[PDB]
Every structure is written in structure tokens, then in C-alpha cells.
């Protein structure tokens, strides 16, 4: 699957250092992405399938787009962040 480049309120981040625990990762992600707009939530799972990944849900698509373009490749816990838009809407967004 080619990188998902169609704008979405949610950015999908992968290539994250898997040693960072869930609480610290969410807190560090919030601290860094909050300069782009209002974050609705950050979904992190350390399961086999979902580890090394995170979903940052912005209240506005414009915030997600700026976040993606700006933070693409940022060296984080010694690995360049890889960012795409989520393929589908987050449920929080989908109810709104």
C-alpha cells in the first residue's frame, strides 16, 4: 500500500521506537503535536500488531496536514518519525 496522502483529521505515525511505553509515548506525542492544533486524542497500543505505531486525532484536518508536513521524519527516540494520514476516520471523528 502506497503511503496514504489523502487528508484526514487523524495522522498515522509508524517507525516509532518500540521501547517507549504507552503513557510516555502519548505524553511525548501530545507535547510535540499540540503546536499544530487541538488534539482530540492519541491512540497507542503495544500489542504485536499495533506496536511502533500511533494515531494522533486533530480537531481540524488543517492541523493534521500541517503536523504531517512539518514533523515528517523528525528524529524521535533515535528513529525518524514516519507519518501518513489515517486511511479511515477515527470513530471520534466519525460520530461528529
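Just so we're on the same page, rigid core means the largest C-alpha set that superposes within 1.5 Å between forms. Numbering follows the first chain given and starts at 1.
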Checklist entry - in 8 other deposited structures of this protein, superposed on the rigid core, which stretch sits farther off in Cα RMS terms, 46 to 54 or 24 to 32? => result 46 to 54
Checklist outcome for this item: Higher of the two mean Cα B-factors (17 to 25, 68 to 76; per PDB record) comes from 17 to 25
Checklist entry - Taking only the CA atoms, which stretch has the higher mean B-factor in the record, 53 to 61 or 27 to 35? => result 27 to 35
Checklist entry - Which third of the chain does residue 5 land in by C-alpha B-factor: lowest, middle or highest? => result middle
